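> Take a look at data-v8.pdb, PDB, C-alpha atoms and all ligand atoms:
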```pdb
ATOM      1  CA  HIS P   3     -28.240 -10.214  14.794
ATOM      2  CA  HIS P   4     -28.795  -9.538  18.567
ATOM      3  CA  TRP P   5     -25.652  -7.324  18.902
ATOM      4  CA  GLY P   6     -25.877  -3.711  17.819
ATOM      5  CA  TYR P   7     -24.880  -0.248  18.946
ATOM      6  CA  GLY P   8     -27.635   0.577  21.541
ATOM      7  CA  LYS P   9     -27.567   0.872  25.335
ATOM      8  CA  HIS P  10     -28.574  -2.733  25.840
ATOM      9  CA  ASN P  11     -26.705  -4.551  23.031
ATOM     10  CA  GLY P  12     -23.854  -2.180  22.148
ATOM     11  CA  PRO P  13     -20.075  -2.649  22.236
ATOM     12  CA  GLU P  14     -19.778  -2.873  26.077
ATOM     13  CA  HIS P  15     -22.008  -5.942  25.881
ATOM     14  CA  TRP P  16     -20.352  -7.794  22.967
ATOM     15  CA  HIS P  17     -17.887  -9.788  25.135
ATOM     16  CA  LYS P  18     -20.750 -11.939  26.533
ATOM     17  CA  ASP P  19     -21.415 -13.511  23.126
ATOM     18  CA  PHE P  20     -17.887 -12.959  21.672
ATOM     19  CA  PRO P  21     -15.389 -13.436  24.432
ATOM     20  CA  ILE P  22     -12.516 -12.437  22.024
ATOM     21  CA  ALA P  23     -13.841  -8.809  22.527
ATOM     22  CA  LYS P  24     -11.453  -8.629  25.492
ATOM     23  CA  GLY P  25      -8.557 -10.250  23.472
ATOM     24  CA  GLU P  26      -4.964  -9.125  23.072
ATOM     25  CA  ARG P  27      -5.210  -7.710  19.519
ATOM     26  CA  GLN P  28      -8.561  -5.856  19.320
ATOM     27  CA  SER P  29      -9.389  -2.881  17.137
ATOM     28  CA  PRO P  30      -9.839   0.023  16.795
ATOM     29  CA  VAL P  31      -7.146   1.805  18.786
ATOM     30  CA  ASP P  32      -5.948   5.333  19.345
ATOM     31  CA  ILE P  33      -2.926   6.127  17.174
ATOM     32  CA  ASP P  34      -0.453   8.132  19.276
ATOM     33  CA  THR P  35       1.544   9.809  16.567
ATOM     34  CA  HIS P  36       4.540  10.544  18.818
ATOM     35  CA  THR P  37       4.853   6.930  20.001
ATOM     36  CA  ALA P  38       4.354   5.356  16.491
ATOM     37  CA  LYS P  39       7.693   4.061  15.226
ATOM     38  CA  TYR P  40       8.930   5.106  11.777
ATOM     39  CA  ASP P  41       9.936   1.910  10.048
ATOM     40  CA  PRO P  42      12.087   2.647   7.030
ATOM     41  CA  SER P  43      11.788  -1.021   5.931
ATOM     42  CA  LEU P  44       8.067  -0.594   5.104
ATOM     43  CA  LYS P  45       7.386  -0.441   1.338
ATOM     44  CA  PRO P  46       4.930   1.872  -0.457
ATOM     45  CA  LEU P  47       1.379   0.438  -0.620
ATOM     46  CA  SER P  48       0.427  -0.826  -4.069
ATOM     47  CA  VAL P  49      -3.280  -0.300  -4.737
ATOM     48  CA  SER P  50      -4.481  -1.770  -8.077
ATOM     49  CA  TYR P  51      -8.131  -0.912  -8.437
ATOM     50  CA  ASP P  52      -8.336  -0.136 -12.249
ATOM     51  CA  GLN P  53     -10.152  -3.450 -12.951
ATOM     52  CA  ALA P  54     -12.511  -3.399  -9.895
ATOM     53  CA  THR P  55     -15.998  -4.810 -10.517
ATOM     54  CA  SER P  56     -18.586  -3.662  -8.028
ATOM     55  CA  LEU P  57     -21.771  -5.837  -7.818
ATOM     56  CA  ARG P  58     -24.248  -4.794  -5.121
ATOM     57  CA  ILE P  59     -24.858  -2.416  -2.213
ATOM     58  CA  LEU P  60     -26.751  -3.703   0.797
ATOM     59  CA  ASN P  61     -27.929  -2.642   4.186
ATOM     60  CA  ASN P  62     -26.922  -5.425   6.630
ATOM     61  CA  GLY P  63     -28.467  -3.726   9.661
ATOM     62  CA  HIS P  64     -25.177  -2.423  11.036
ATOM     63  CA  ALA P  65     -23.681  -0.552   8.062
ATOM     64  CA  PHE P  66     -24.041  -0.648   4.329
ATOM     65  CA  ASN P  67     -21.549  -2.652   2.251
ATOM     66  CA  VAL P  68     -20.546  -2.201  -1.371
ATOM     67  CA  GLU P  69     -19.539  -5.691  -2.583
ATOM     68  CA  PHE P  70     -17.060  -6.520  -5.330
ATOM     69  CA  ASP P  71     -16.421  -9.550  -7.499
ATOM     70  CA  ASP P  72     -13.392 -11.219  -5.787
ATOM     71  CA  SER P  73     -13.383 -14.404  -7.917
ATOM     72  CA  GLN P  74     -10.242 -13.147  -9.694
ATOM     73  CA  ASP P  75      -7.386 -10.721  -9.009
ATOM     74  CA  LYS P  76      -9.249  -7.616 -10.257
ATOM     75  CA  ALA P  77      -8.906  -5.109  -7.371
ATOM     76  CA  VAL P  78      -5.901  -5.983  -5.160
ATOM     77  CA  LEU P  79      -3.755  -4.513  -2.442
ATOM     78  CA  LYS P  80      -0.040  -5.484  -2.133
ATOM     79  CA  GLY P  81       3.143  -4.063  -0.655
ATOM     80  CA  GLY P  82       3.262  -2.054   2.542
ATOM     81  CA  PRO P  83       3.601  -4.515   5.443
ATOM     82  CA  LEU P  84       1.822  -7.228   3.445
ATOM     83  CA  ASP P  85       3.128 -10.426   2.011
ATOM     84  CA  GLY P  86       1.237 -11.747  -0.905
ATOM     85  CA  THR P  87      -1.790 -10.398  -2.665
ATOM     86  CA  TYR P  88      -5.003  -9.343  -0.977
ATOM     87  CA  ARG P  89      -8.264  -9.083  -2.935
ATOM     88  CA  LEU P  90     -10.927  -6.419  -2.291
ATOM     89  CA  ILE P  91     -14.275  -7.995  -1.215
ATOM     90  CA  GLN P  92     -16.326  -5.061   0.198
ATOM     91  CA  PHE P  93     -16.130  -1.557   1.628
ATOM     92  CA  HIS P  94     -18.306   0.082   4.247
ATOM     93  CA  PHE P  95     -18.252   3.105   6.602
ATOM     94  CA  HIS P  96     -18.767   3.875  10.264
ATOM     95  CA  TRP P  97     -20.216   7.313  11.126
ATOM     96  CA  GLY P  98     -21.640   9.386  13.873
ATOM     97  CA  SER P  99     -24.822  11.234  14.805
ATOM     98  CA  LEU P 100     -22.796  14.508  14.794
ATOM     99  CA  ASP P 101     -19.708  15.649  12.821
ATOM    100  CA  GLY P 102     -17.430  15.435  15.889
ATOM    101  CA  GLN P 103     -17.610  11.623  16.190
ATOM    102  CA  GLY P 104     -17.989   8.623  13.996
ATOM    103  CA  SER P 105     -14.481   7.258  13.240
ATOM    104  CA  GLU P 106     -13.367   4.060  14.959
ATOM    105  CA  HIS P 107      -9.613   4.836  14.983
ATOM    106  CA  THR P 108      -8.594   8.071  16.565
ATOM    107  CA  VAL P 109      -5.320  10.043  16.012
ATOM    108  CA  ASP P 110      -3.987  11.543  19.257
ATOM    109  CA  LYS P 111      -7.551  11.155  20.583
ATOM    110  CA  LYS P 112      -8.999  13.144  17.630
ATOM    111  CA  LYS P 113     -12.279  11.626  16.259
ATOM    112  CA  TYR P 114     -13.231  12.141  12.611
ATOM    113  CA  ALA P 115     -16.820  12.271  11.229
ATOM    114  CA  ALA P 116     -16.622   8.825   9.663
ATOM    115  CA  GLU P 117     -14.223   6.058   8.655
ATOM    116  CA  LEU P 118     -14.137   4.090   5.419
ATOM    117  CA  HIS P 119     -12.918   0.459   5.598
ATOM    118  CA  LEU P 120     -11.863  -1.290   2.367
ATOM    119  CA  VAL P 121     -11.737  -4.977   3.275
ATOM    120  CA  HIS P 122      -9.357  -7.354   1.423
ATOM    121  CA  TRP P 123      -8.464 -11.030   1.972
ATOM    122  CA  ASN P 124      -5.210 -12.983   1.452
ATOM    123  CA  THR P 125      -5.531 -14.975  -1.773
ATOM    124  CA  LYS P 127      -3.294 -17.761  -0.367
ATOM    125  CA  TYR P 128      -6.358 -18.869   1.751
ATOM    126  CA  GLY P 129      -8.691 -19.267  -1.235
ATOM    127  CA  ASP P 130     -11.793 -17.570   0.185
ATOM    128  CA  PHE P 131     -12.790 -14.917   2.671
ATOM    129  CA  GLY P 132     -14.276 -17.478   5.090
ATOM    130  CA  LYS P 133     -10.934 -19.362   5.443
ATOM    131  CA  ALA P 134      -8.945 -16.087   5.513
ATOM    132  CA  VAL P 135     -10.738 -14.777   8.689
ATOM    133  CA  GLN P 136      -9.402 -17.820  10.648
ATOM    134  CA  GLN P 137      -5.716 -16.824   9.972
ATOM    135  CA  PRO P 138      -3.608 -14.187  11.756
ATOM    136  CA  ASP P 139      -2.581 -12.638   8.383
ATOM    137  CA  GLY P 140      -5.883 -13.361   6.576
ATOM    138  CA  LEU P 141      -7.284  -9.798   6.091
ATOM    139  CA  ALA P 142      -5.872  -6.385   5.236
ATOM    140  CA  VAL P 143      -8.247  -3.439   5.893
ATOM    141  CA  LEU P 144      -7.379  -0.018   4.541
ATOM    142  CA  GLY P 145      -8.918   2.654   6.821
ATOM    143  CA  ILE P 146      -9.518   6.186   5.542
ATOM    144  CA  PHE P 147     -10.831   9.060   7.707
ATOM    145  CA  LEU P 148     -13.542  11.403   6.496
ATOM    146  CA  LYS P 149     -13.689  15.019   7.608
ATOM    147  CA  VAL P 150     -16.529  17.422   6.799
ATOM    148  CA  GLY P 151     -15.619  20.235   4.386
ATOM    149  CA  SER P 152     -15.812  20.124   0.550
ATOM    150  CA  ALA P 153     -17.819  17.461  -1.240
ATOM    151  CA  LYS P 154     -16.102  14.373  -2.591
ATOM    152  CA  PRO P 155     -17.515  13.941  -6.161
ATOM    153  CA  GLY P 156     -16.555  10.263  -6.318
ATOM    154  CA  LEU P 157     -18.700   9.510  -3.317
ATOM    155  CA  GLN P 158     -21.901  10.920  -4.768
ATOM    156  CA  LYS P 159     -22.915   7.778  -6.637
ATOM    157  CA  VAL P 160     -23.008   5.951  -3.276
ATOM    158  CA  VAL P 161     -24.973   8.595  -1.466
ATOM    159  CA  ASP P 162     -27.523   8.765  -4.301
ATOM    160  CA  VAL P 163     -28.585   5.085  -3.913
ATOM    161  CA  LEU P 164     -28.929   5.040  -0.138
ATOM    162  CA  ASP P 165     -32.618   5.900  -0.541
ATOM    163  CA  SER P 166     -33.106   2.468  -2.143
ATOM    164  CA  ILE P 167     -31.558   0.437   0.768
ATOM    165  CA  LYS P 168     -32.976   2.352   3.727
ATOM    166  CA  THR P 169     -33.810  -0.659   5.938
ATOM    167  CA  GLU P 170     -32.036  -3.825   7.013
ATOM    168  CA  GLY P 171     -31.909  -6.527   4.350
ATOM    169  CA  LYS P 172     -32.486  -4.319   1.314
ATOM    170  CA  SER P 173     -29.983  -4.559  -1.533
ATOM    171  CA  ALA P 174     -29.575  -2.924  -4.870
ATOM    172  CA  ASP P 175     -27.555  -3.516  -8.008
ATOM    173  CA  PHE P 176     -24.522  -1.338  -7.873
ATOM    174  CA  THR P 177     -22.231  -1.737 -10.903
ATOM    175  CA  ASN P 178     -19.365   0.254 -12.435
ATOM    176  CA  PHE P 179     -18.468   2.048  -9.205
ATOM    177  CA  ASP P 180     -14.748   2.985  -9.190
ATOM    178  CA  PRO P 181     -13.296   2.932  -5.651
ATOM    179  CA  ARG P 182     -10.270   5.013  -6.813
ATOM    180  CA  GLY P 183     -12.453   8.065  -6.310
ATOM    181  CA  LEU P 184     -12.390   7.439  -2.519
ATOM    182  CA  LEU P 185      -8.557   7.607  -2.090
ATOM    183  CA  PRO P 186      -6.647  10.603  -0.719
ATOM    184  CA  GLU P 187      -3.614  11.942  -2.634
ATOM    185  CA  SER P 188      -1.019  10.485  -0.293
ATOM    186  CA  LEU P 189      -0.694   6.830   0.599
ATOM    187  CA  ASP P 190       1.361   7.401   3.780
ATOM    188  CA  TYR P 191       0.059   5.132   6.534
ATOM    189  CA  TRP P 192       0.247   3.623  10.029
ATOM    190  CA  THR P 193       0.013  -0.102  10.383
ATOM    191  CA  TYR P 194      -0.599  -2.478  13.319
ATOM    192  CA  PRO P 195      -2.039  -6.019  13.855
ATOM    193  CA  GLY P 196      -5.660  -5.926  14.999
ATOM    194  CA  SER P 197      -9.139  -7.361  14.564
ATOM    195  CA  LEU P 198     -12.515  -6.947  12.814
ATOM    196  CA  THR P 199     -14.321  -4.150  14.638
ATOM    197  CA  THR P 200     -17.673  -5.896  14.544
ATOM    198  CA  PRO P 201     -18.600  -9.383  15.701
ATOM    199  CA  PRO P 202     -17.156 -11.946  15.352
ATOM    200  CA  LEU P 203     -14.233  -9.575  16.234
ATOM    201  CA  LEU P 204     -11.707 -12.083  14.908
ATOM    202  CA  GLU P 205      -8.017 -11.233  15.257
ATOM    203  CA  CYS P 206      -7.103 -11.684  11.599
ATOM    204  CA  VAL P 207      -6.515  -8.083  10.397
ATOM    205  CA  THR P 208      -3.403  -6.174   9.362
ATOM    206  CA  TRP P 209      -4.648  -2.648   9.632
ATOM    207  CA  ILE P 210      -3.339   0.005   7.260
ATOM    208  CA  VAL P 211      -4.723   3.454   8.304
ATOM    209  CA  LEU P 212      -3.994   6.327   5.922
ATOM    210  CA  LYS P 213      -2.642   9.565   7.423
ATOM    211  CA  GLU P 214      -4.498  11.900   5.056
ATOM    212  CA  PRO P 215      -8.316  12.157   5.437
ATOM    213  CA  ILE P 216     -10.639  12.784   2.554
ATOM    214  CA  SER P 217     -13.180  15.625   2.794
ATOM    215  CA  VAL P 218     -16.881  15.047   2.319
ATOM    216  CA  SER P 219     -19.671  17.634   2.497
ATOM    217  CA  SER P 220     -22.130  18.022   5.368
ATOM    218  CA  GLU P 221     -24.942  17.088   2.872
ATOM    219  CA  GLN P 222     -23.118  13.852   1.904
ATOM    220  CA  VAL P 223     -22.753  12.589   5.535
ATOM    221  CA  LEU P 224     -26.279  13.747   6.288
ATOM    222  CA  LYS P 225     -27.589  11.187   3.831
ATOM    223  CA  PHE P 226     -25.705   8.359   5.716
ATOM    224  CA  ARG P 227     -27.629   9.391   8.852
ATOM    225  CA  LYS P 228     -30.990   8.746   7.108
ATOM    226  CA  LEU P 229     -30.486   4.990   6.901
ATOM    227  CA  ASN P 230     -32.102   2.647   9.442
ATOM    228  CA  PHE P 231     -30.736  -0.192  11.657
ATOM    229  CA  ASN P 232     -34.236  -1.756  11.666
ATOM    230  CA  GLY P 233     -36.033  -3.751   8.952
ATOM    231  CA  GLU P 234     -38.931  -2.436   6.933
ATOM    232  CA  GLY P 235     -42.098  -2.079   8.850
ATOM    233  CA  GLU P 236     -40.428  -2.102  12.259
ATOM    234  CA  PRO P 237     -40.117   0.954  14.471
ATOM    235  CA  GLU P 238     -37.581   3.444  13.020
ATOM    236  CA  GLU P 239     -34.134   3.567  14.540
ATOM    237  CA  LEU P 240     -31.684   5.754  12.634
ATOM    238  CA  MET P 241     -28.310   4.109  11.639
ATOM    239  CA  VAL P 242     -25.902   6.451  13.423
ATOM    240  CA  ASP P 243     -22.971   5.960  15.828
ATOM    241  CA  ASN P 244     -22.187   2.514  14.389
ATOM    242  CA  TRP P 245     -18.584   2.771  15.737
ATOM    243  CA  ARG P 246     -16.729   0.795  18.359
ATOM    244  CA  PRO P 247     -14.695   2.783  20.928
ATOM    245  CA  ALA P 248     -10.891   2.463  21.038
ATOM    246  CA  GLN P 249      -9.517  -0.678  22.699
ATOM    247  CA  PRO P 250      -6.297  -1.112  24.625
ATOM    248  CA  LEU P 251      -3.129  -1.369  22.585
ATOM    249  CA  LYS P 252      -1.688  -3.914  25.054
ATOM    250  CA  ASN P 253       1.484  -5.581  23.711
ATOM    251  CA  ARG P 254       1.533  -3.865  20.228
ATOM    252  CA  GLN P 255       3.559  -1.302  18.333
ATOM    253  CA  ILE P 256       2.041   0.977  15.692
ATOM    254  CA  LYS P 257       4.506   1.514  12.783
ATOM    255  CA  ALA P 258       4.487   4.498  10.467
ATOM    256  CA  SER P 259       5.556   4.550   6.823
ATOM    257  CA  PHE P 260       6.599   8.190   7.123
ATOM    258  CA  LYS P 261       8.328  10.667   9.481
TER
HETATM  259 NA    NA K 301     -20.095  -7.703   7.275
HETATM  260 ZN    ZN K 302     -15.517  -1.350   9.510
END
```
Rewrite the structure from the file as structure tokens, please.

Amino acid sequence: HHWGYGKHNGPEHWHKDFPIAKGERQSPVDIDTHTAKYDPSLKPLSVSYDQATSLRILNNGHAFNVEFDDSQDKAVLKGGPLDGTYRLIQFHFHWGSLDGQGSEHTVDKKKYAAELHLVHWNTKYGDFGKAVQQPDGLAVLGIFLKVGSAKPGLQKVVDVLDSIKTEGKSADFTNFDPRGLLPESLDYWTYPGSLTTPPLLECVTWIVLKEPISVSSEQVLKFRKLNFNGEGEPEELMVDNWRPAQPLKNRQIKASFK
């Protein structure tokens, strides 16, 4: 793709090819914890990932995605602000060149080292491609990563990154259990937003968890060794693949907790 995260094709340029970049419900945003409204009508999230089937990990030149079999209700998200059942299709991360940046959402202007996005689509629309054209088509669970202790359940991912260093490489990636990426608490903020990469469609109910997970410096270091470029092209390290916070405009962030 022509878009990317550099000086000449990065997020401040995206609106020329994707005019929705300046839309009314763009993501990410800063979550102002004192202005977020506690909504006691929000239900607990229901995450059912015991039957998840991972298939493949791939470097798509802007992040790396772990892809799941979503041809049946095997790993689903329900409850919270959602209606209906949303199936997990892929997860990926955004991270920085240094530990003090990398998350897309911020919490009272605080940046975290990275942000994990678990992407799910509304099974009433039949496939992911139809779901992205609907205002309630996707639900993305966002989880912040801070640097501290290692996360053992992430190690299987960091160990295969060597095999998908450059854009377009993929590897088999089976029997990965995404339950090892979840914090203890499922308390969350939710708001209506968009994909944070092109095509930036406004089809996302965001569900951002309050509690970060900790990963080790050595674990996030290995993310920073991947490349944006394809094999044989000049080396450009895959770092700072985050979009800056966008205006909230006419939107309220709701919290599941006080
Ligand atoms: Na993608
Ligand atoms: Zn993302």
> Selection in question (the file shown): the PyMOL selection byres (((chain P and resi 219) around 12) and not hetatm). Which residues does it include, as a PDB file with C-alpha atoms, keeping the file's coordinate frame?

```
ATOM      1  CA  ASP P 101     -19.708  15.649  12.821  1.00  0.00           C
ATOM      2  CA  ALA P 115     -16.820  12.271  11.229  1.00  0.00           C
ATOM      3  CA  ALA P 116     -16.622   8.825   9.663  1.00  0.00           C
ATOM      4  CA  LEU P 148     -13.542  11.403   6.496  1.00  0.00           C
ATOM      5  CA  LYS P 149     -13.689  15.019   7.608  1.00  0.00           C
ATOM      6  CA  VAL P 150     -16.529  17.422   6.799  1.00  0.00           C
ATOM      7  CA  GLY P 151     -15.619  20.235   4.386  1.00  0.00           C
ATOM      8  CA  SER P 152     -15.812  20.124   0.550  1.00  0.00           C
ATOM      9  CA  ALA P 153     -17.819  17.461  -1.240  1.00  0.00           C
ATOM     10  CA  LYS P 154     -16.102  14.373  -2.591  1.00  0.00           C
ATOM     11  CA  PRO P 155     -17.515  13.941  -6.161  1.00  0.00           C
ATOM     12  CA  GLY P 156     -16.555  10.263  -6.318  1.00  0.00           C
ATOM     13  CA  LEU P 157     -18.700   9.510  -3.317  1.00  0.00           C
ATOM     14  CA  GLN P 158     -21.901  10.920  -4.768  1.00  0.00           C
ATOM     15  CA  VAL P 161     -24.973   8.595  -1.466  1.00  0.00           C
ATOM     16  CA  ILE P 216     -10.639  12.784   2.554  1.00  0.00           C
ATOM     17  CA  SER P 217     -13.180  15.625   2.794  1.00  0.00           C
ATOM     18  CA  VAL P 218     -16.881  15.047   2.319  1.00  0.00           C
ATOM     19  CA  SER P 220     -22.130  18.022   5.368  1.00  0.00           C
ATOM     20  CA  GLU P 221     -24.942  17.088   2.872  1.00  0.00           C
ATOM     21  CA  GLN P 222     -23.118  13.852   1.904  1.00  0.00           C
ATOM     22  CA  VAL P 223     -22.753  12.589   5.535  1.00  0.00           C
ATOM     23  CA  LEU P 224     -26.279  13.747   6.288  1.00  0.00           C
ATOM     24  CA  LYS P 225     -27.589  11.187   3.831  1.00  0.00           C
ATOM     25  CA  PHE P 226     -25.705   8.359   5.716  1.00  0.00           C
TER      26      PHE P 226
END
```
> Once the PyMOL selection byres (((not hetatm)) within 9 of (chain K and resi 301)) has been applied to the shown file, what residues remain in the selection, as a tab-separated table (two decimals) with C-alpha atoms, keeping the file's coordinate frame?

```
chain	number	residue	atom	x	y	z
P	62	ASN	CA	-26.92	-5.42	6.63
P	64	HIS	CA	-25.18	-2.42	11.04
P	65	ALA	CA	-23.68	-0.55	8.06
P	66	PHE	CA	-24.04	-0.65	4.33
P	67	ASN	CA	-21.55	-2.65	2.25
P	92	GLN	CA	-16.33	-5.06	0.20
P	94	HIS	CA	-18.31	0.08	4.25
P	200	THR	CA	-17.67	-5.90	14.54
P	201	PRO	CA	-18.60	-9.38	15.70
```
> Enumerate residues in contact with ligand ZN 302 (chain K): an atom-to-atom distance of at most 9 Å, counting all atoms listed in the file. Format the result as a list in words.
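Residues lying within 9 Å of ligand ZN 302 (chain K): residues 65, 93, 94, 95, 96, 106, 117, 118, 119, 120, 121, 143, 145, 198, 199, 200 and 245 of chain P.
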> Expand the PyMOL selection byres (((chain P and resi 182-186) around 7) and not hetatm) into the explicit residue set it covers here, and present it as a ChimeraX atom specification.
/P:51,156-157,180-181,187-188,214-216
> With C-alpha atoms kept, could you save the residues just selected as a PDB file, in the coordinates of the input?

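Result file follows (part_37.pdb):
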```pdb
ATOM      1  CA  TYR P  51      -8.131  -0.912  -8.437  1.00  0.00           C
ATOM      2  CA  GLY P 156     -16.555  10.263  -6.318  1.00  0.00           C
ATOM      3  CA  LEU P 157     -18.700   9.510  -3.317  1.00  0.00           C
ATOM      4  CA  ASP P 180     -14.748   2.985  -9.190  1.00  0.00           C
ATOM      5  CA  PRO P 181     -13.296   2.932  -5.651  1.00  0.00           C
ATOM      6  CA  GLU P 187      -3.614  11.942  -2.634  1.00  0.00           C
ATOM      7  CA  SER P 188      -1.019  10.485  -0.293  1.00  0.00           C
ATOM      8  CA  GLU P 214      -4.498  11.900   5.056  1.00  0.00           C
ATOM      9  CA  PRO P 215      -8.316  12.157   5.437  1.00  0.00           C
ATOM     10  CA  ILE P 216     -10.639  12.784   2.554  1.00  0.00           C
TER      11      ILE P 216
END
```
> Applying 8 Å and all atoms listed in the file, which residues near residue 87 (chain P) remain after dropping the ones on its own chain fewer than 5 positions away? List them as a list in words.
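After dropping sequence-adjacent residues, the list is residues 78, 79, 80, 124, 125 and 127 of chain P.
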> Here's a test: counting only C-alpha atoms, identify every protein, DNA and RNA residue with an atom at most 12 Å from (8.9, 5.9, 19.4) in the file's coordinate frame, and state them as a ChimeraX atom specification.
/P:34-41,255-258,261
> Record the distance separating CA of residue 168 (chain P) and CA of residue 90 (chain P), expressed in Å with one decimal.
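Interatomic distance, CA of residue 168 (chain P) to CA of residue 90 (chain P): 24.5 Å.
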> Using only C-alpha atoms, pick whichever of P:59, P:68, P:174, P:203 has the shortest atom-to-atom distance to residue 26 (chain P).
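Checking each candidate against residue 26 (chain P), we get P:203 as the closest.
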> What box, with edges along x, y and z, holds each listed atom of region 168-177 of chain P when 3 Å is added on every side, and can you state its centre and edge lengths in Å to one decimal, as lines of an AutoDock Vina configuration file?

```
center_x = -28.0
center_y = -2.1
center_z = -1.9
size_x = 17.6
size_y = 14.9
size_z = 23.9
```
> Between P:29, P:177, P:230, P:48, single out the one closest to residue 82 (chain P), counting all atoms listed in the file.
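Between P:29, P:177, P:230, P:48, the residue approaching residue 82 (chain P) most closely is P:48.
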> With distances taken over all atoms listed in the file, which residue among P:88, P:69, P:63, P:234 lies nearest residue 7 (chain P)?
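Of the candidates, the smallest distance to residue 7 (chain P) is held by P:63.
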> Between CA of residue 86 (chain P) and CA of residue 209 (chain P), what is the distance, to one decimal in Å?
15.1 Å
> Kindly indicate which residue among P:237, P:42, P:171, P:202 lies nearest to residue 5 (chain P), using all atoms listed in the file for the distances.
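Using all atoms listed in the file, residue 5 (chain P) sits closest to P:202.
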> Just write region 179-194 of chain P with N, CA and C atoms, as an mmCIF file, in the first residue's frame, taken from the block above.

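Saved as out36.cif:
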```cif
data_model
loop_
_atom_site.group_PDB
_atom_site.id
_atom_site.type_symbol
_atom_site.label_atom_id
_atom_site.label_comp_id
_atom_site.auth_asym_id
_atom_site.auth_seq_id
_atom_site.Cartn_x
_atom_site.Cartn_y
_atom_site.Cartn_z
ATOM 1 N N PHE P 179 -2.471 -21.435 19.259
ATOM 2 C CA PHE P 179 -2.138 -20.299 20.129
ATOM 3 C C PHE P 179 -3.422 -19.927 20.882
ATOM 4 N N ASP P 180 -3.309 -19.764 22.207
ATOM 5 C CA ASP P 180 -4.501 -19.498 23.044
ATOM 6 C C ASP P 180 -4.528 -17.992 23.428
ATOM 7 N N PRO P 181 -5.451 -17.207 22.857
ATOM 8 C CA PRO P 181 -5.398 -15.781 23.151
ATOM 9 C C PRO P 181 -5.805 -15.412 24.604
ATOM 10 N N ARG P 182 -6.272 -16.392 25.363
ATOM 11 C CA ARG P 182 -6.608 -16.131 26.790
ATOM 12 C C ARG P 182 -5.391 -15.740 27.599
ATOM 13 N N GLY P 183 -4.200 -16.100 27.117
ATOM 14 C CA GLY P 183 -2.986 -15.704 27.806
ATOM 15 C C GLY P 183 -2.612 -14.264 27.578
ATOM 16 N N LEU P 184 -3.387 -13.495 26.790
ATOM 17 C CA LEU P 184 -3.116 -12.059 26.599
ATOM 18 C C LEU P 184 -4.008 -11.125 27.429
ATOM 19 N N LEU P 185 -4.945 -11.700 28.207
ATOM 20 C CA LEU P 185 -6.004 -10.918 28.894
ATOM 21 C C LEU P 185 -5.540 -10.507 30.264
ATOM 22 N N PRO P 186 -5.856 -9.275 30.695
ATOM 23 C CA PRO P 186 -5.575 -8.898 32.094
ATOM 24 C C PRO P 186 -6.568 -9.616 33.035
ATOM 25 N N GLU P 187 -6.366 -9.475 34.361
ATOM 26 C CA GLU P 187 -7.304 -10.065 35.304
ATOM 27 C C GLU P 187 -8.697 -9.477 35.245
ATOM 28 N N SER P 188 -8.797 -8.145 35.110
ATOM 29 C CA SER P 188 -10.053 -7.462 35.218
ATOM 30 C C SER P 188 -10.516 -7.168 33.827
ATOM 31 N N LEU P 189 -11.814 -7.290 33.623
ATOM 32 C CA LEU P 189 -12.466 -6.935 32.361
ATOM 33 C C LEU P 189 -13.192 -5.565 32.402
ATOM 34 N N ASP P 190 -12.888 -4.702 33.394
ATOM 35 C CA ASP P 190 -13.487 -3.387 33.383
ATOM 36 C C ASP P 190 -13.006 -2.578 32.159
ATOM 37 N N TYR P 191 -13.924 -1.776 31.605
ATOM 38 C CA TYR P 191 -13.625 -1.187 30.291
ATOM 39 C C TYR P 191 -14.293 0.179 30.094
ATOM 40 N N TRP P 192 -13.763 0.903 29.101
ATOM 41 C CA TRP P 192 -14.416 2.096 28.521
ATOM 42 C C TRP P 192 -14.902 1.713 27.178
ATOM 43 N N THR P 193 -16.008 2.296 26.762
ATOM 44 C CA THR P 193 -16.473 1.988 25.389
ATOM 45 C C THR P 193 -16.922 3.273 24.675
ATOM 46 N N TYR P 194 -16.686 3.357 23.362
ATOM 47 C CA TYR P 194 -17.206 4.482 22.582
ATOM 48 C C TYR P 194 -17.305 3.994 21.137
#
```
